[PDB]
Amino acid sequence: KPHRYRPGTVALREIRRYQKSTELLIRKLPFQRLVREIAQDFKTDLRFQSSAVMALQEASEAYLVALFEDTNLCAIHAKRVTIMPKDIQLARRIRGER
C-alpha cells in the first residue's frame, strides 16, 4: 500500500521549517509589481530604489506573520484549529486596525 502522512503532519513540519529559517516567503517580482501598482494611485511614474522595495517586503511579511500568530490564538480561542476570516477580523479589531 502507498505511503501517505496523516493530515497535519506535513503542516507541522512546514511550521518547524519556516520558523527556523529567515528567508522571504513571498515572490520577489510579483510583490514588486504589487507595490508599484498600489503606488500609481499616489504619484505618476514613480521609481523605486531596490532596497526600498525590499524594506517594504520585510515589513509586510513581518506584519502578516505576526498577524497570523494573533489570528491563530483567536481560532484556538473558539475551540478550533482552523483559522478563518472572522479570526483575522477579530485580531485586527482588537489591535485597532478596524
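So that there is no doubt, residue numbering starts at 1 and follows the sequence shown.
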Entry-level comparison of average CA B-factors, 55 to 63 and 41 to 49, reporting the higher stretch:
41 to 49
Would you mind comparing 6 to 14 and 19 to 27 for me and telling me which has the higher average C-alpha temperature factor in the entry?
6 to 14
Please place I83 in the lowest, middle or highest third of its chain according to the CA B-factor in the PDB entry.
highest
Chain thirds of CA B-factor: placement of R95
middle
